[PDB]
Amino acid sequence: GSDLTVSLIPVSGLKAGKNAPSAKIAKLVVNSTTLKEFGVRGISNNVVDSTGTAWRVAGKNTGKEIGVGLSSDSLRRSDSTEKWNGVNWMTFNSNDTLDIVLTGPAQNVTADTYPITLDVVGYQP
């Protein structure tokens, strides 16, 4: 608990072909006994919003893109948006978990491996 520990956990749902609309694909967990809030941004080739909470990610083998990001319910959990290091970060209570989904309308996904990287920041009180 002492130390900043982050888990990014895949969830069942993602499949090749047509997916459920807003289908959950991953879960973010931030654990620290001293932190009160954290910021998270996707690390990406592109970004749809200034907050880095929706972006596109390309398959390793095919280069085909999928749209990913925080669920609209995860986003509503945000306390504030701050400018840290030149960029906008949405902040969250360190006791909330967040969901990553396939964004927007139902997506038809090509069989591939899609890399998703999130960058997490905690400012210690």
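Superpose the two forms; the largest set of C-alphas matching within 1.5 Å is the rigid core. Numbers for residues come from their place in the sequence shown, where the first is 1.
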(request) State which stretch is farther from the displayed form on average in 7 other deposited structures of this protein, 78-86 or 39-47, counting RMS CA distance after fitting on the rigid core. (result) 78-86
(message) Between 50-58 and 92-100, which has its CA atoms farther from the current form in 7 other deposited structures of this protein, using a rigid core superposition?
(response) 92-100
(message) Please compare 114-122 with 1-9 and say which has the higher mean C-alpha temperature factor in the record.
(response) 1-9
(request) Averaging the C-alpha B factors as listed in the entry, name the stretch that ends up higher: 44-52 or 89-97. (result) 44-52
